[PDB]
>>> print(open('start_3.pdb').read())   # PDB, C-alpha atoms and all ligand atoms
ATOM      1  CA  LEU A   1    -175.194  40.592  58.982  1.00  0.00           C
ATOM      2  CA  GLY A   2    -177.321  41.555  61.983  1.00  0.00           C
ATOM      3  CA  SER A   3    -174.367  41.511  64.445  1.00  0.00           C
ATOM      4  CA  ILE A   4    -171.004  43.277  64.619  1.00  0.00           C
ATOM      5  CA  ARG A   5    -168.387  40.506  64.980  1.00  0.00           C
ATOM      6  CA  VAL A   6    -165.936  41.307  67.741  1.00  0.00           C
ATOM      7  CA  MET A   7    -162.551  39.965  68.668  1.00  0.00           C
ATOM      8  CA  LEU A   8    -161.933  40.626  72.350  1.00  0.00           C
ATOM      9  CA  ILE A   9    -158.349  40.660  73.604  1.00  0.00           C
ATOM     10  CA  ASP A  10    -157.233  40.821  77.246  1.00  0.00           C
ATOM     11  CA  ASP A  11    -154.543  38.942  79.147  1.00  0.00           C
ATOM     12  CA  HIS A  12    -156.773  38.654  82.227  1.00  0.00           C
ATOM     13  CA  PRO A  13    -159.468  36.000  81.678  1.00  0.00           C
ATOM     14  CA  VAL A  14    -161.487  37.030  84.744  1.00  0.00           C
ATOM     15  CA  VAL A  15    -161.818  40.581  83.368  1.00  0.00           C
ATOM     16  CA  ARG A  16    -162.187  39.357  79.767  1.00  0.00           C
ATOM     17  CA  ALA A  17    -165.145  37.136  80.736  1.00  0.00           C
ATOM     18  CA  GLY A  18    -167.030  40.098  82.261  1.00  0.00           C
ATOM     19  CA  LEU A  19    -166.492  42.155  79.101  1.00  0.00           C
ATOM     20  CA  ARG A  20    -167.551  39.249  76.908  1.00  0.00           C
ATOM     21  CA  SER A  21    -170.777  38.833  78.850  1.00  0.00           C
ATOM     22  CA  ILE A  22    -171.569  42.519  78.431  1.00  0.00           C
ATOM     23  CA  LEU A  23    -170.758  42.627  74.738  1.00  0.00           C
ATOM     24  CA  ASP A  24    -172.705  39.422  73.932  1.00  0.00           C
ATOM     25  CA  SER A  25    -175.689  40.754  75.885  1.00  0.00           C
ATOM     26  CA  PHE A  26    -176.413  43.237  73.051  1.00  0.00           C
ATOM     27  CA  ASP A  27    -178.540  41.910  70.182  1.00  0.00           C
ATOM     28  CA  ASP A  28    -176.244  43.583  67.630  1.00  0.00           C
ATOM     29  CA  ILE A  29    -172.879  42.452  68.954  1.00  0.00           C
ATOM     30  CA  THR A  30    -171.322  39.030  68.956  1.00  0.00           C
ATOM     31  CA  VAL A  31    -167.894  38.082  70.333  1.00  0.00           C
ATOM     32  CA  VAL A  32    -166.646  35.665  67.671  1.00  0.00           C
ATOM     33  CA  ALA A  33    -163.008  35.368  68.897  1.00  0.00           C
ATOM     34  CA  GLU A  34    -160.923  35.957  72.033  1.00  0.00           C
ATOM     35  CA  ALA A  35    -157.218  36.194  72.612  1.00  0.00           C
ATOM     36  CA  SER A  36    -154.860  36.817  75.526  1.00  0.00           C
ATOM     37  CA  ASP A  37    -152.409  39.032  73.559  1.00  0.00           C
ATOM     38  CA  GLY A  38    -151.969  40.590  70.130  1.00  0.00           C
ATOM     39  CA  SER A  39    -149.615  38.015  68.579  1.00  0.00           C
ATOM     40  CA  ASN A  40    -150.425  36.074  65.348  1.00  0.00           C
ATOM     41  CA  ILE A  41    -153.972  37.408  65.201  1.00  0.00           C
ATOM     42  CA  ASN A  42    -156.154  36.352  62.264  1.00  0.00           C
ATOM     43  CA  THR A  43    -158.707  39.118  61.617  1.00  0.00           C
ATOM     44  CA  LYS A  44    -160.686  37.395  58.876  1.00  0.00           C
ATOM     45  CA  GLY A  45    -164.331  37.796  59.719  1.00  0.00           C
ATOM     46  CA  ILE A  46    -163.591  40.353  62.488  1.00  0.00           C
ATOM     47  CA  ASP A  47    -165.446  43.658  62.265  1.00  0.00           C
ATOM     48  CA  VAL A  48    -163.991  45.304  65.415  1.00  0.00           C
ATOM     49  CA  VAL A  49    -161.077  44.453  67.661  1.00  0.00           C
ATOM     50  CA  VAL A  50    -161.668  45.335  71.304  1.00  0.00           C
ATOM     51  CA  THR A  51    -158.381  45.271  73.227  1.00  0.00           C
ATOM     52  CA  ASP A  52    -156.642  45.868  76.562  1.00  0.00           C
ATOM     53  CA  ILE A  53    -153.324  47.750  76.756  1.00  0.00           C
ATOM     54  CA  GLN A  54    -151.209  45.672  79.230  1.00  0.00           C
ATOM     55  CA  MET A  55    -150.444  42.228  77.765  1.00  0.00           C
ATOM     56  CA  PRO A  56    -147.246  40.191  77.523  1.00  0.00           C
ATOM     57  CA  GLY A  57    -145.783  39.503  74.108  1.00  0.00           C
ATOM     58  CA  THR A  58    -147.720  41.873  71.881  1.00  0.00           C
ATOM     59  CA  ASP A  59    -149.476  44.563  73.837  1.00  0.00           C
ATOM     60  CA  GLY A  60    -152.521  46.576  72.720  1.00  0.00           C
ATOM     61  CA  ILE A  61    -150.352  49.564  71.636  1.00  0.00           C
ATOM     62  CA  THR A  62    -148.255  47.395  69.288  1.00  0.00           C
ATOM     63  CA  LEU A  63    -151.394  45.598  68.102  1.00  0.00           C
ATOM     64  CA  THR A  64    -153.111  48.915  67.283  1.00  0.00           C
ATOM     65  CA  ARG A  65    -150.164  50.034  65.153  1.00  0.00           C
ATOM     66  CA  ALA A  66    -149.870  46.633  63.476  1.00  0.00           C
ATOM     67  CA  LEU A  67    -153.512  46.607  62.478  1.00  0.00           C
ATOM     68  CA  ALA A  68    -153.228  50.186  61.217  1.00  0.00           C
ATOM     69  CA  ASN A  69    -150.204  49.119  59.063  1.00  0.00           C
ATOM     70  CA  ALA A  70    -152.242  46.202  57.662  1.00  0.00           C
ATOM     71  CA  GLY A  71    -155.411  48.259  56.979  1.00  0.00           C
ATOM     72  CA  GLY A  72    -156.960  45.717  59.468  1.00  0.00           C
ATOM     73  CA  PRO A  73    -160.150  46.154  61.341  1.00  0.00           C
ATOM     74  CA  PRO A  74    -160.658  49.223  63.505  1.00  0.00           C
ATOM     75  CA  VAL A  75    -159.684  48.970  67.175  1.00  0.00           C
ATOM     76  CA  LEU A  76    -161.425  50.036  70.367  1.00  0.00           C
ATOM     77  CA  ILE A  77    -158.930  50.288  73.257  1.00  0.00           C
ATOM     78  CA  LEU A  78    -160.258  49.675  76.764  1.00  0.00           C
ATOM     79  CA  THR A  79    -158.453  50.714  79.869  1.00  0.00           C
ATOM     80  CA  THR A  80    -158.961  51.826  83.479  1.00  0.00           C
ATOM     81  CA  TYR A  81    -158.730  55.365  84.814  1.00  0.00           C
ATOM     82  CA  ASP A  82    -155.922  54.369  87.172  1.00  0.00           C
ATOM     83  CA  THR A  83    -154.107  52.060  84.854  1.00  0.00           C
ATOM     84  CA  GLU A  84    -150.422  51.466  85.306  1.00  0.00           C
ATOM     85  CA  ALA A  85    -150.082  50.945  81.533  1.00  0.00           C
ATOM     86  CA  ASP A  86    -148.623  53.513  79.143  1.00  0.00           C
ATOM     87  CA  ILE A  87    -151.845  55.359  78.504  1.00  0.00           C
ATOM     88  CA  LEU A  88    -150.076  58.155  76.572  1.00  0.00           C
ATOM     89  CA  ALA A  89    -148.471  55.646  74.151  1.00  0.00           C
ATOM     90  CA  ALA A  90    -151.910  53.981  73.778  1.00  0.00           C
ATOM     91  CA  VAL A  91    -153.553  57.285  72.901  1.00  0.00           C
ATOM     92  CA  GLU A  92    -150.645  58.146  70.554  1.00  0.00           C
ATOM     93  CA  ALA A  93    -151.243  54.905  68.700  1.00  0.00           C
ATOM     94  CA  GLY A  94    -154.431  56.354  67.242  1.00  0.00           C
ATOM     95  CA  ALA A  95    -156.983  53.625  67.736  1.00  0.00           C
ATOM     96  CA  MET A  96    -160.424  54.392  66.305  1.00  0.00           C
ATOM     97  CA  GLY A  97    -161.902  54.378  69.824  1.00  0.00           C
ATOM     98  CA  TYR A  98    -160.985  54.574  73.486  1.00  0.00           C
ATOM     99  CA  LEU A  99    -163.228  53.801  76.478  1.00  0.00           C
ATOM    100  CA  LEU A 100    -162.891  52.868  80.096  1.00  0.00           C
ATOM    101  CA  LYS A 101    -163.726  49.273  81.053  1.00  0.00           C
ATOM    102  CA  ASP A 102    -166.250  50.354  83.669  1.00  0.00           C
ATOM    103  CA  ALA A 103    -168.124  52.774  81.437  1.00  0.00           C
ATOM    104  CA  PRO A 104    -171.905  52.333  81.295  1.00  0.00           C
ATOM    105  CA  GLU A 105    -172.802  49.222  79.232  1.00  0.00           C
ATOM    106  CA  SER A 106    -174.678  51.401  76.763  1.00  0.00           C
ATOM    107  CA  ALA A 107    -171.467  53.393  76.226  1.00  0.00           C
ATOM    108  CA  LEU A 108    -169.542  50.215  75.458  1.00  0.00           C
ATOM    109  CA  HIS A 109    -172.255  49.267  72.931  1.00  0.00           C
ATOM    110  CA  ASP A 110    -172.162  52.681  71.367  1.00  0.00           C
ATOM    111  CA  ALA A 111    -168.322  52.625  71.222  1.00  0.00           C
ATOM    112  CA  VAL A 112    -168.401  49.298  69.387  1.00  0.00           C
ATOM    113  CA  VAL A 113    -170.889  50.575  66.882  1.00  0.00           C
ATOM    114  CA  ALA A 114    -168.980  53.841  66.345  1.00  0.00           C
ATOM    115  CA  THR A 115    -165.746  51.929  65.833  1.00  0.00           C
ATOM    116  CA  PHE A 116    -167.416  49.665  63.277  1.00  0.00           C
ATOM    117  CA  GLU A 117    -168.796  52.702  61.399  1.00  0.00           C
ATOM    118  CA  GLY A 118    -165.416  54.420  61.406  1.00  0.00           C
ATOM    119  CA  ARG A 119    -166.355  57.190  63.846  1.00  0.00           C
ATOM    120  CA  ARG A 120    -163.828  58.198  66.524  1.00  0.00           C
ATOM    121  CA  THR A 121    -164.585  57.640  70.219  1.00  0.00           C
ATOM    122  CA  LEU A 122    -162.327  59.889  72.228  1.00  0.00           C
ATOM    123  CA  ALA A 123    -164.133  59.251  75.433  1.00  0.00           C
ATOM    124  CA  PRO A 124    -163.968  62.200  77.865  1.00  0.00           C
ATOM    125  CA  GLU A 125    -163.221  59.831  80.721  1.00  0.00           C
ATOM    126  CA  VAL A 126    -160.192  58.516  78.887  1.00  0.00           C
ATOM    127  CA  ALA A 127    -159.065  62.034  78.072  1.00  0.00           C
ATOM    128  CA  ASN A 128    -159.413  62.977  81.715  1.00  0.00           C
ATOM    129  CA  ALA A 129    -157.339  59.866  82.796  1.00  0.00           C
ATOM    130  CA  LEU A 130    -154.651  60.809  80.289  1.00  0.00           C
ATOM    131  CA  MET A 131    -154.445  64.394  81.591  1.00  0.00           C
ATOM    132  CA  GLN A 132    -154.234  63.205  85.173  1.00  0.00           C
ATOM    133  CA  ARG A 133    -151.457  60.775  84.296  1.00  0.00           C
ATOM    134  CA  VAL A 134    -149.236  63.046  82.301  1.00  0.00           C
ATOM    135  CA  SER A 135    -149.739  66.460  83.964  1.00  0.00           C
ATOM    136  CA  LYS A 136    -147.643  65.998  87.149  1.00  0.00           C
ATOM    137  CA  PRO A 137    -146.625  69.192  89.027  1.00  0.00           C
ATOM    138  CA  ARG A 138    -142.975  68.990  89.937  1.00  0.00           C
ATOM    139  CA  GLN A 139    -141.456  70.033  93.222  1.00  0.00           C
ATOM    140  CA  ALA A 140    -139.298  73.121  93.692  1.00  0.00           C
ATOM    141  CA  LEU A 141    -135.560  72.802  93.872  1.00  0.00           C
ATOM    142  CA  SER A 142    -134.619  72.074  97.467  1.00  0.00           C
ATOM    143  CA  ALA A 143    -132.413  74.221  99.693  1.00  0.00           C
ATOM    144  CA  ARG A 144    -129.560  71.732  99.142  1.00  0.00           C
ATOM    145  CA  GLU A 145    -129.923  71.912  95.406  1.00  0.00           C
ATOM    146  CA  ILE A 146    -129.912  75.760  95.477  1.00  0.00           C
ATOM    147  CA  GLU A 147    -126.798  75.644  97.646  1.00  0.00           C
ATOM    148  CA  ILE A 148    -125.082  73.398  95.199  1.00  0.00           C
ATOM    149  CA  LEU A 149    -125.972  75.707  92.271  1.00  0.00           C
ATOM    150  CA  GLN A 150    -124.720  78.798  94.174  1.00  0.00           C
ATOM    151  CA  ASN A 151    -121.397  77.018  94.693  1.00  0.00           C
ATOM    152  CA  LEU A 152    -121.239  75.714  91.122  1.00  0.00           C
ATOM    153  CA  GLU A 153    -121.602  79.405  90.076  1.00  0.00           C
ATOM    154  CA  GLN A 154    -118.398  80.167  92.026  1.00  0.00           C
ATOM    155  CA  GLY A 155    -116.581  77.602  89.870  1.00  0.00           C
ATOM    156  CA  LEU A 156    -116.223  74.730  92.336  1.00  0.00           C
ATOM    157  CA  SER A 157    -115.457  71.207  91.119  1.00  0.00           C
ATOM    158  CA  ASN A 158    -117.346  68.193  92.487  1.00  0.00           C
ATOM    159  CA  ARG A 159    -114.466  67.590  94.937  1.00  0.00           C
ATOM    160  CA  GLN A 160    -114.508  71.144  96.135  1.00  0.00           C
ATOM    161  CA  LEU A 161    -118.273  71.011  96.582  1.00  0.00           C
ATOM    162  CA  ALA A 162    -117.949  67.835  98.619  1.00  0.00           C
ATOM    163  CA  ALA A 163    -115.323  69.368 100.855  1.00  0.00           C
ATOM    164  CA  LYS A 164    -117.225  72.611 101.384  1.00  0.00           C
ATOM    165  CA  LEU A 165    -120.663  71.094 101.969  1.00  0.00           C
ATOM    166  CA  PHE A 166    -119.399  68.002 103.893  1.00  0.00           C
ATOM    167  CA  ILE A 167    -121.128  65.506 101.659  1.00  0.00           C
ATOM    168  CA  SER A 168    -119.510  62.832  99.514  1.00  0.00           C
ATOM    169  CA  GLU A 169    -118.609  63.414  95.848  1.00  0.00           C
ATOM    170  CA  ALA A 170    -121.135  60.667  94.965  1.00  0.00           C
ATOM    171  CA  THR A 171    -123.905  62.482  96.883  1.00  0.00           C
ATOM    172  CA  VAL A 172    -122.888  65.716  94.998  1.00  0.00           C
ATOM    173  CA  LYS A 173    -123.104  63.855  91.688  1.00  0.00           C
ATOM    174  CA  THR A 174    -126.578  62.432  92.488  1.00  0.00           C
ATOM    175  CA  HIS A 175    -127.848  65.914  93.309  1.00  0.00           C
ATOM    176  CA  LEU A 176    -126.381  67.256  90.053  1.00  0.00           C
ATOM    177  CA  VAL A 177    -128.253  64.569  88.102  1.00  0.00           C
ATOM    178  CA  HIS A 178    -131.515  65.673  89.641  1.00  0.00           C
ATOM    179  CA  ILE A 179    -130.757  69.384  89.222  1.00  0.00           C
ATOM    180  CA  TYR A 180    -129.837  68.986  85.538  1.00  0.00           C
ATOM    181  CA  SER A 181    -133.048  67.096  84.939  1.00  0.00           C
ATOM    182  CA  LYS A 182    -135.139  69.877  86.614  1.00  0.00           C
ATOM    183  CA  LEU A 183    -133.283  72.588  84.644  1.00  0.00           C
ATOM    184  CA  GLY A 184    -133.454  70.796  81.273  1.00  0.00           C
ATOM    185  CA  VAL A 185    -129.668  70.721  80.819  1.00  0.00           C
ATOM    186  CA  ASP A 186    -126.865  68.168  80.846  1.00  0.00           C
ATOM    187  CA  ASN A 187    -123.780  69.953  82.096  1.00  0.00           C
ATOM    188  CA  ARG A 188    -122.639  72.367  84.803  1.00  0.00           C
ATOM    189  CA  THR A 189    -122.101  75.475  82.618  1.00  0.00           C
ATOM    190  CA  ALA A 190    -125.593  75.171  81.145  1.00  0.00           C
ATOM    191  CA  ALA A 191    -126.994  74.580  84.633  1.00  0.00           C
ATOM    192  CA  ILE A 192    -125.595  77.863  85.827  1.00  0.00           C
ATOM    193  CA  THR A 193    -127.044  79.703  82.805  1.00  0.00           C
ATOM    194  CA  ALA A 194    -130.448  78.112  83.365  1.00  0.00           C
ATOM    195  CA  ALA A 195    -130.354  78.820  87.111  1.00  0.00           C
ATOM    196  CA  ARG A 196    -129.598  82.479  86.337  1.00  0.00           C
ATOM    197  CA  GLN A 197    -132.387  82.776  83.713  1.00  0.00           C
ATOM    198  CA  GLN A 198    -134.768  81.144  86.136  1.00  0.00           C
ATOM    199  CA  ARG A 199    -133.723  83.413  88.981  1.00  0.00           C
ATOM    200  CA  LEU A 200    -133.061  80.476  91.290  1.00  0.00           C
ATOM    201  CA  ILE A 201    -129.669  81.475  92.774  1.00  0.00           C
TER     202      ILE A 201
HETATM  203 MG    MG B   1    -156.175  43.098  80.962  1.00  0.00          MG
HETATM  204 MG    MG B   2    -175.169  41.765  81.632  1.00  0.00          MG
HETATM  205 MG    MG B   3    -175.220  39.403  71.052  1.00  0.00          MG
HETATM  206 MG    MG B   4    -164.206  45.286  58.348  1.00  0.00          MG
HETATM  207 MG    MG B   5    -171.948  50.838  85.346  1.00  0.00          MG
HETATM  208 MG    MG B   6    -178.574  54.244  73.495  1.00  0.00          MG
HETATM  209 MG    MG B   7    -126.832  84.404  94.181  1.00  0.00          MG
END
>>> encode(input="start_3.pdb", output="structure tokens", more="lines below")
Ligand SMILES: [Mg+2]
Ligand SMILES: [Mg+2]
Ligand SMILES: [Mg+2]
Ligand SMILES: [Mg+2]
Ligand SMILES: [Mg+2]
Ligand SMILES: [Mg+2]
Ligand SMILES: [Mg+2]
Amino acid sequence: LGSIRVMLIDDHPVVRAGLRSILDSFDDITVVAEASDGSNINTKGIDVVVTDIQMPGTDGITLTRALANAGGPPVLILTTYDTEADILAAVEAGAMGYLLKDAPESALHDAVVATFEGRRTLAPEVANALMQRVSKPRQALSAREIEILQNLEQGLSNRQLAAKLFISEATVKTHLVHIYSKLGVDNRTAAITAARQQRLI
């Protein structure tokens, strides 16, 4: 056949229509099927699946894995640089290709062809979006949190901490949750050890 037969999947018909128009505009690509999620999909006659991440029912991450399990057609995942979707889970799913939805049209064409030919598209723009999303610098422990650790080191219970610092036992407990998360621990003895190793107190 002269054209690569695409199934285009997106829960947002206003966005889907723009992508369809772009894909169909190439002489070597034809959108033969559309869907609004990844459920019940029949891939007979489909050369490439082009899919969104965020969709109700079966999302693009689950669809990617399902098609992989079936030995189904290869998948190109489209997203946005500022997506609220789980971009890390999408990348971990191991689709053949990844591209942003507002990439140059030629790049979308080339991504479809690459996907069809079984060549990976790990688009730098997607990689950059992933790094931005997952690499979040975390704030220092606050003065209050350091104070709590210094008193935990002296062996104070939650009640004693509350009495000494003039904050409620519930407020103490909330702080401890946050401290334990920052320290990578789940109890008070381990927190003290970590705070000592980390030279925090
Ligand atoms: Mg969408
Ligand atoms: Mg056009
Ligand atoms: Mg066409
Ligand atoms: Mg095929
Ligand atoms: Mg453009
Ligand atoms: Mg070209
Ligand atoms: Mg000290």
>>> resolve_selection(input="start_3.pdb", expression="the PyMOL selection byres (((chain A and resi 4) around 9) and not hetatm)", output="PDB file with C-alpha atoms, in the coordinates of the input")
ATOM      1  CA  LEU A   1    -175.194  40.592  58.982  1.00  0.00           C
ATOM      2  CA  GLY A   2    -177.321  41.555  61.983  1.00  0.00           C
ATOM      3  CA  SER A   3    -174.367  41.511  64.445  1.00  0.00           C
ATOM      4  CA  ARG A   5    -168.387  40.506  64.980  1.00  0.00           C
ATOM      5  CA  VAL A   6    -165.936  41.307  67.741  1.00  0.00           C
ATOM      6  CA  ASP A  28    -176.244  43.583  67.630  1.00  0.00           C
ATOM      7  CA  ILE A  29    -172.879  42.452  68.954  1.00  0.00           C
ATOM      8  CA  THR A  30    -171.322  39.030  68.956  1.00  0.00           C
ATOM      9  CA  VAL A  31    -167.894  38.082  70.333  1.00  0.00           C
ATOM     10  CA  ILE A  46    -163.591  40.353  62.488  1.00  0.00           C
ATOM     11  CA  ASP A  47    -165.446  43.658  62.265  1.00  0.00           C
ATOM     12  CA  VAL A  48    -163.991  45.304  65.415  1.00  0.00           C
ATOM     13  CA  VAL A 112    -168.401  49.298  69.387  1.00  0.00           C
ATOM     14  CA  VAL A 113    -170.889  50.575  66.882  1.00  0.00           C
ATOM     15  CA  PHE A 116    -167.416  49.665  63.277  1.00  0.00           C
TER      16      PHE A 116
END
>>> resolve_selection(input="start_3.pdb", expression="the PyMOL selection byres (((chain A and resi 115) around 8) and not hetatm)", output="ChimeraX atom specification")
/A:48,74-76,96-97,111-114,116-121
>>> resolve_selection(input="start_3.pdb", expression="the PyMOL selection byres (((not hetatm)) within 7 of (chain B and resi 5))", output="number ranges by chain")
A: 102-105
>>> closest_residue(input="start_3.pdb", among="A:51, A:106, A:128, A:198", to="ligand MG 6 (chain B)", atoms="all atoms listed in the file")
A:106
>>> residues_near_ligand(input="start_3.pdb", ligand="ligand MG 7 (chain B)", cutoff="8 Å", atoms="all atoms listed in the file", output="PyMOL selection string")
chain A and resi 150+200-201
>>> write_last_selection(input="start_3.pdb", atoms="C-alpha atoms", output="mmCIF file, in the coordinates of the input")
data_model
loop_
_atom_site.group_PDB
_atom_site.id
_atom_site.type_symbol
_atom_site.label_atom_id
_atom_site.label_comp_id
_atom_site.auth_asym_id
_atom_site.auth_seq_id
_atom_site.Cartn_x
_atom_site.Cartn_y
_atom_site.Cartn_z
ATOM 1 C CA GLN A 150 -124.720 78.798 94.174
ATOM 2 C CA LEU A 200 -133.061 80.476 91.290
ATOM 3 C CA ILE A 201 -129.669 81.475 92.774
#
>>> residues_near_ligand(input="start_3.pdb", ligand="ligand MG 2 (chain B)", cutoff="8 Å", atoms="all atoms listed in the file", output="list in words")
residues 21, 22 and 25 of chain A
>>> atom_distance(input="start_3.pdb", atom1="atom CA of residue 163 of chain A", atom2="atom CA of residue 148 of chain A")
12.0 Å
>>> residues_near_ligand(input="start_3.pdb", ligand="ligand MG 1 (chain B)", cutoff="12 Å", atoms="all atoms listed in the file", output="number ranges by chain")
A: 8-19, 35-38, 50-56, 59-60, 77-80, 83-85, 100-101
>>> residues_around(input="start_3.pdb", residues="residue 88 of chain A", least_positions_apart="5", cutoff="12 Å", atoms="all atoms listed in the file", output="ChimeraX atom specification")
/A:53,61,79,83,93-94,98,126-135
>>> residues_near_ligand(input="start_3.pdb", ligand="ligand MG 6 (chain B)", cutoff="9 Å", atoms="only C-alpha atoms and all ligand atoms", output="VMD selection string")
chain A and resid 106 to 107 109 to 110
>>> atom_distance(input="start_3.pdb", atom1="atom MG of ligand MG 4 (chain B)", atom2="atom CA of residue 45 of chain A")
7.6 Å
>>> atom_distance(input="start_3.pdb", atom1="atom CA of residue 32 of chain A", atom2="atom CA of residue 91 of chain A")
25.8 Å
>>> closest_residue(input="start_3.pdb", among="A:20, A:199, A:164, A:173", to="ligand MG 3 (chain B)", atoms="all atoms listed in the file")
A:20
>>> closest_residue(input="start_3.pdb", among="A:191, A:168, A:125, A:49", to="residue 34 of chain A", atoms="only C-alpha atoms")
A:49
>>> closest_residue(input="start_3.pdb", among="A:182, A:196, A:190, A:33", to="residue 137 of chain A", atoms="only C-alpha atoms")
A:182
>>> residues_around(input="start_3.pdb", residues="residue 161 of chain A", least_positions_apart="2", cutoff="12 Å", atoms="all atoms listed in the file", output="count of residues only")
28
>>> residues_near_point(input="start_3.pdb", point="(-140.9, 69.0, 91.8)", cutoff="12 Å", atoms="all atoms listed in the file", output="NGL selection string")
:A and (136-142 or 145 or 178-179 or 181-183)
>>> decode(input="start_3.pdb", residues="segment 160-171 of chain A", atoms="N, CA, C and O atoms", output="tab-separated table (two decimals), in the first residue's frame")
chain	number	residue	atom	x	y	z
A	160	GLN	N	5.29	15.02	74.96
A	160	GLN	CA	6.28	15.88	75.53
A	160	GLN	C	6.71	16.99	74.57
A	160	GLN	O	7.02	18.11	75.00
A	161	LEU	N	6.78	16.64	73.29
A	161	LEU	CA	7.12	17.58	72.24
A	161	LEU	C	6.07	18.65	72.18
A	161	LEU	O	6.39	19.80	72.09
A	162	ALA	N	4.80	18.24	72.22
A	162	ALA	CA	3.69	19.19	72.17
A	162	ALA	C	3.77	20.16	73.31
A	162	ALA	O	3.62	21.38	73.13
A	163	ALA	N	4.04	19.65	74.51
A	163	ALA	CA	4.06	20.48	75.70
A	163	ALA	C	5.23	21.47	75.65
A	163	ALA	O	5.09	22.67	75.95
A	164	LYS	N	6.39	20.99	75.20
A	164	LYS	CA	7.57	21.82	75.17
A	164	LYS	C	7.54	22.90	74.09
A	164	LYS	O	8.00	24.04	74.31
A	165	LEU	N	6.99	22.55	72.93
A	165	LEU	CA	6.99	23.46	71.78
A	165	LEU	C	5.69	24.30	71.69
A	165	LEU	O	5.57	25.17	70.81
A	166	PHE	N	4.74	23.98	72.55
A	166	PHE	CA	3.40	24.64	72.54
A	166	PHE	C	2.68	24.51	71.25
A	166	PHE	O	2.08	25.48	70.74
A	167	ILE	N	2.68	23.30	70.70
A	167	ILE	CA	1.87	22.99	69.52
A	167	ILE	C	1.14	21.69	69.85
A	167	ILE	O	1.57	20.93	70.73
A	168	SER	N	0.06	21.41	69.15
A	168	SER	CA	-0.76	20.26	69.48
A	168	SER	C	-0.04	18.98	69.10
A	168	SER	O	0.77	18.97	68.16
A	169	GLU	N	-0.37	17.89	69.77
A	169	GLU	CA	0.13	16.55	69.34
A	169	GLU	C	-0.16	16.21	67.87
A	169	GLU	O	0.68	15.63	67.16
A	170	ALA	N	-1.33	16.60	67.37
A	170	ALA	CA	-1.64	16.43	65.94
A	170	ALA	C	-0.72	17.21	64.99
A	170	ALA	O	-0.34	16.69	63.94
A	171	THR	N	-0.39	18.44	65.36
A	171	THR	CA	0.54	19.28	64.61
A	171	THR	C	1.93	18.62	64.63
A	171	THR	O	2.60	18.54	63.54
